[PDB]
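Asker: Structure provided below as structure tokens; questions to follow.
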Amino acid sequence: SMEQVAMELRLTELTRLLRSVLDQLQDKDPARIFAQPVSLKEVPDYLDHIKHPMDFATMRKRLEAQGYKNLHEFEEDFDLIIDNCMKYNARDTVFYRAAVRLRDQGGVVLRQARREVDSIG
């Protein structure tokens, strides 16, 4: 149908916006602490602590499969990155600190993205 296509153009544009959002968030992690999944070869107990691992490469795969239906689902995944880190790592670690800084700097980006999503519809 013509509607199904209109719908698909909206998703494609949402994906385009979320891709730019993802790039902006990932720039706030210059150390690349959150770039890839935590290695289960190197942290073999990880899944005993963290039940829903997340990282920027895994978000990018979902994004490019147009697997995010709305900004809420995208934010859920970004929040996992931060919250998993803040639980697994102690407060006095470069990892925890990196998550706090990503959360704080990401807030600004996410704030405007929500306005753009509501605005463009």
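Going through the structure tokens in order, the chains are called A, B, and so on, while each chain numbers its residues from 1 and the ligands are numbered from 1 in the order shown.
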What are the nearest atom pairs, with distances in Å to one decimal, for all residues of stretch 56-108 of chain A that come at most 7 Å from stretch 21-29 of chain A, using only C-alpha atoms, set out by chain and rising residue number as a tab-separated table?

Answerer:
residue	atom	partner	partner_atom	distance
A:102	CA	A:28	CA	5.8
A:105	CA	A:28	CA	6.7
A:106	CA	A:25	CA	5.7

Asker: With only C-alpha atoms as the counted atoms, please give the residues lying no more than 10 Å from residue A:74, apart from itself and same-chain residues fewer than 2 positions off, as a PyMOL selection string.

Answerer: chain A and resi 18+21-22+59+62-63+67-72+76-79

Asker: For the residues selected in the previous step, produce a file with N, CA and C atoms as a JSON list (two decimals), in the first residue's frame.

Answerer:
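What ended up in selection-v4.json:
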[["chain", "number", "residue", "atom", "x", "y", "z"],
["A", 18, "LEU", "N", 17.97, 9.18, 14.47],
["A", 18, "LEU", "CA", 18.61, 8.37, 15.52],
["A", 18, "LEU", "C", 20.07, 8.04, 15.20],
["A", 21, "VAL", "N", 21.85, 11.20, 16.28],
["A", 21, "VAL", "CA", 21.82, 11.12, 17.78],
["A", 21, "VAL", "C", 22.90, 10.14, 18.25],
["A", 22, "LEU", "N", 22.97, 8.97, 17.63],
["A", 22, "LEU", "CA", 23.93, 7.96, 18.12],
["A", 22, "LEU", "C", 25.35, 8.48, 17.95],
["A", 59, "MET", "N", 24.00, -1.26, 19.47],
["A", 59, "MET", "CA", 22.89, -0.28, 19.15],
["A", 59, "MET", "C", 22.89, 0.05, 17.68],
["A", 62, "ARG", "N", 21.25, -2.68, 15.58],
["A", 62, "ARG", "CA", 19.80, -2.54, 15.68],
["A", 62, "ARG", "C", 19.29, -1.33, 14.90],
["A", 63, "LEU", "N", 19.96, -0.21, 15.03],
["A", 63, "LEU", "CA", 19.60, 0.97, 14.30],
["A", 63, "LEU", "C", 19.51, 0.69, 12.79],
["A", 67, "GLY", "N", 15.51, -1.20, 13.66],
["A", 67, "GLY", "CA", 14.97, -1.92, 14.75],
["A", 67, "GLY", "C", 14.51, -1.02, 15.89],
["A", 68, "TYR", "N", 14.71, 0.29, 15.78],
["A", 68, "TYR", "CA", 14.14, 1.20, 16.81],
["A", 68, "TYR", "C", 12.81, 1.80, 16.30],
["A", 69, "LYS", "N", 11.72, 1.51, 16.98],
["A", 69, "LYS", "CA", 10.37, 2.03, 16.57],
["A", 69, "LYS", "C", 10.10, 3.47, 16.96],
["A", 70, "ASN", "N", 10.66, 3.90, 18.10],
["A", 70, "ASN", "CA", 10.54, 5.26, 18.58],
["A", 70, "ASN", "C", 11.80, 5.60, 19.39],
["A", 71, "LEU", "N", 11.97, 6.87, 19.72],
["A", 71, "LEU", "CA", 13.08, 7.34, 20.54],
["A", 71, "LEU", "C", 13.12, 6.67, 21.91],
["A", 72, "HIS", "N", 11.97, 6.35, 22.47],
["A", 72, "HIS", "CA", 11.92, 5.66, 23.80],
["A", 72, "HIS", "C", 12.74, 4.37, 23.81],
["A", 76, "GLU", "N", 16.17, 3.59, 25.90],
["A", 76, "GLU", "CA", 16.27, 2.45, 26.79],
["A", 76, "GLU", "C", 17.66, 1.78, 26.67],
["A", 77, "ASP", "N", 18.06, 1.55, 25.43],
["A", 77, "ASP", "CA", 19.37, 0.92, 25.13],
["A", 77, "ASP", "C", 20.51, 1.84, 25.61],
["A", 78, "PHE", "N", 20.40, 3.14, 25.38],
["A", 78, "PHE", "CA", 21.49, 4.05, 25.88],
["A", 78, "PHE", "C", 21.62, 4.04, 27.41],
["A", 79, "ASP", "N", 20.48, 4.08, 28.07],
["A", 79, "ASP", "CA", 20.41, 3.95, 29.51],
["A", 79, "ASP", "C", 20.98, 2.61, 30.01]]

Asker: Give me, as a PyMOL selection string, all polymer residues having an atom no more than 12 Å from residue A:80, counting only C-alpha atoms and skipping those fewer than 3 positions away in the same chain.

Answerer: chain A and resi 34+37+50-56+58-59+73-77+83-88+99+103

Asker: Generate the output file for the selected residues, N, CA and C atoms, as a PDB file, in the first residue's frame.

Answerer:
ATOM      1  N   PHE A  34      32.658   2.433  25.831  1.00  0.00           N
ATOM      2  CA  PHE A  34      31.327   1.865  25.558  1.00  0.00           C
ATOM      3  C   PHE A  34      31.102   1.450  24.096  1.00  0.00           C
ATOM      4  N   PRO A  37      30.765  -4.585  22.989  1.00  0.00           N
ATOM      5  CA  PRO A  37      30.350  -5.406  24.126  1.00  0.00           C
ATOM      6  C   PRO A  37      31.415  -5.739  25.091  1.00  0.00           C
ATOM      7  N   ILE A  50      25.235  -8.741  34.998  1.00  0.00           N
ATOM      8  CA  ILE A  50      24.504  -7.897  34.073  1.00  0.00           C
ATOM      9  C   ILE A  50      23.655  -8.756  33.142  1.00  0.00           C
ATOM     10  N   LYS A  51      22.333  -8.614  33.289  1.00  0.00           N
ATOM     11  CA  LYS A  51      21.444  -9.468  32.518  1.00  0.00           C
ATOM     12  C   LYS A  51      21.117  -9.027  31.112  1.00  0.00           C
ATOM     13  N   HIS A  52      21.258  -7.737  30.813  1.00  0.00           N
ATOM     14  CA  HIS A  52      20.998  -7.200  29.543  1.00  0.00           C
ATOM     15  C   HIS A  52      22.166  -6.259  29.120  1.00  0.00           C
ATOM     16  N   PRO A  53      23.250  -6.886  28.660  1.00  0.00           N
ATOM     17  CA  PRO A  53      24.402  -6.101  28.174  1.00  0.00           C
ATOM     18  C   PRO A  53      24.045  -5.193  27.025  1.00  0.00           C
ATOM     19  N   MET A  54      24.744  -4.043  26.945  1.00  0.00           N
ATOM     20  CA  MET A  54      24.518  -3.189  25.795  1.00  0.00           C
ATOM     21  C   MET A  54      25.805  -2.427  25.537  1.00  0.00           C
ATOM     22  N   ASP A  55      25.923  -1.930  24.324  1.00  0.00           N
ATOM     23  CA  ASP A  55      27.081  -1.113  23.924  1.00  0.00           C
ATOM     24  C   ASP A  55      26.739  -0.391  22.578  1.00  0.00           C
ATOM     25  N   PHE A  56      27.570   0.549  22.148  1.00  0.00           N
ATOM     26  CA  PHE A  56      27.274   1.331  20.995  1.00  0.00           C
ATOM     27  C   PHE A  56      27.287   0.504  19.698  1.00  0.00           C
ATOM     28  N   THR A  58      26.367  -2.621  19.234  1.00  0.00           N
ATOM     29  CA  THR A  58      25.141  -3.426  19.286  1.00  0.00           C
ATOM     30  C   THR A  58      23.968  -2.498  18.978  1.00  0.00           C
ATOM     31  N   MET A  59      24.000  -1.255  19.472  1.00  0.00           N
ATOM     32  CA  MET A  59      22.891  -0.281  19.152  1.00  0.00           C
ATOM     33  C   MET A  59      22.894   0.051  17.676  1.00  0.00           C
ATOM     34  N   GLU A  73      12.569   3.530  22.804  1.00  0.00           N
ATOM     35  CA  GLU A  73      13.312   2.267  22.711  1.00  0.00           C
ATOM     36  C   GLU A  73      14.846   2.513  22.583  1.00  0.00           C
ATOM     37  N   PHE A  74      15.249   3.503  21.809  1.00  0.00           N
ATOM     38  CA  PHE A  74      16.617   3.931  21.651  1.00  0.00           C
ATOM     39  C   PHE A  74      17.198   4.375  22.982  1.00  0.00           C
ATOM     40  N   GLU A  75      16.480   5.217  23.693  1.00  0.00           N
ATOM     41  CA  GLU A  75      16.937   5.688  24.985  1.00  0.00           C
ATOM     42  C   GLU A  75      17.063   4.580  25.992  1.00  0.00           C
ATOM     43  N   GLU A  76      16.174   3.592  25.900  1.00  0.00           N
ATOM     44  CA  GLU A  76      16.270   2.453  26.789  1.00  0.00           C
ATOM     45  C   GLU A  76      17.658   1.782  26.673  1.00  0.00           C
ATOM     46  N   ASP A  77      18.062   1.554  25.428  1.00  0.00           N
ATOM     47  CA  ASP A  77      19.371   0.918  25.128  1.00  0.00           C
ATOM     48  C   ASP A  77      20.506   1.841  25.612  1.00  0.00           C
ATOM     49  N   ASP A  83      23.705   2.365  32.930  1.00  0.00           N
ATOM     50  CA  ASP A  83      23.308   1.742  34.164  1.00  0.00           C
ATOM     51  C   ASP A  83      24.067   0.431  34.411  1.00  0.00           C
ATOM     52  N   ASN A  84      24.388  -0.348  33.362  1.00  0.00           N
ATOM     53  CA  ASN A  84      25.101  -1.607  33.528  1.00  0.00           C
ATOM     54  C   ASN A  84      26.485  -1.268  34.112  1.00  0.00           C
ATOM     55  N   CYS A  85      27.107  -0.272  33.500  1.00  0.00           N
ATOM     56  CA  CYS A  85      28.454   0.170  33.931  1.00  0.00           C
ATOM     57  C   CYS A  85      28.516   0.629  35.356  1.00  0.00           C
ATOM     58  N   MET A  86      27.540   1.439  35.761  1.00  0.00           N
ATOM     59  CA  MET A  86      27.482   1.977  37.076  1.00  0.00           C
ATOM     60  C   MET A  86      27.194   0.908  38.151  1.00  0.00           C
ATOM     61  N   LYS A  87      26.643  -0.221  37.726  1.00  0.00           N
ATOM     62  CA  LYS A  87      26.467  -1.320  38.668  1.00  0.00           C
ATOM     63  C   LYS A  87      27.735  -2.222  38.746  1.00  0.00           C
ATOM     64  N   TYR A  88      28.260  -2.636  37.617  1.00  0.00           N
ATOM     65  CA  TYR A  88      29.398  -3.550  37.574  1.00  0.00           C
ATOM     66  C   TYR A  88      30.662  -2.963  38.143  1.00  0.00           C
ATOM     67  N   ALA A  99      30.911   6.594  32.569  1.00  0.00           N
ATOM     68  CA  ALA A  99      29.476   6.503  32.421  1.00  0.00           C
ATOM     69  C   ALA A  99      28.779   7.740  32.959  1.00  0.00           C
ATOM     70  N   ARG A 103      26.365  10.100  30.590  1.00  0.00           N
ATOM     71  CA  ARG A 103      25.011  10.388  30.984  1.00  0.00           C
ATOM     72  C   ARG A 103      24.794  11.922  31.015  1.00  0.00           C
TER      73      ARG A 103
END

Asker: Hey, what does DSSP flag as helix (DSSP H, G or I) within stretch 51-113 of chain A? Can you give it to me as a PyMOL selection string?

Answerer: chain A and resi 56-64+71-88+94-113

Asker: Need the shell around residue A:118: protein/DNA/RNA residues with any atom at most 12 Å away, counting only C-alpha atoms. Skip same-chain ones fewer than 3 positions apart. Format as a list in words?

Answerer: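 My reading of the contact set: residues 14, 70, 71, 72, 111, 112, 113, 114, 115 and 121 of chain A.
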
Asker: Output the selection as a compact mmCIF listing (two decimals), in the first residue's frame - N, CA and C atoms for each residue.

Answerer:
# COMPACT_ATOMS: atom_id res chain seq x y z
N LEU A 14 13.27 8.45 10.87
CA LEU A 14 13.53 8.27 12.35
C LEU A 14 14.92 7.65 12.52
N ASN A 70 10.66 3.90 18.10
CA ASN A 70 10.54 5.26 18.58
C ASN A 70 11.80 5.60 19.39
N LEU A 71 11.97 6.87 19.72
CA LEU A 71 13.08 7.34 20.54
C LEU A 71 13.12 6.67 21.91
N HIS A 72 11.97 6.35 22.47
CA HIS A 72 11.92 5.66 23.80
C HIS A 72 12.74 4.37 23.81
N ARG A 111 17.61 15.55 25.03
CA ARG A 111 16.64 16.60 25.22
C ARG A 111 16.18 17.18 23.88
N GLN A 112 17.12 17.53 23.00
CA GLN A 112 16.77 18.12 21.75
C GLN A 112 16.16 17.09 20.75
N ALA A 113 16.68 15.87 20.78
CA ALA A 113 16.15 14.81 19.97
C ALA A 113 14.67 14.56 20.27
N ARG A 114 14.26 14.60 21.53
CA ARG A 114 12.86 14.40 21.88
C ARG A 114 11.97 15.53 21.30
N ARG A 115 12.46 16.76 21.38
CA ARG A 115 11.78 17.90 20.80
C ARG A 115 11.68 17.70 19.25
N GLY A 121 7.33 14.87 14.06
CA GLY A 121 6.25 13.89 14.20
C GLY A 121 6.78 12.46 14.12
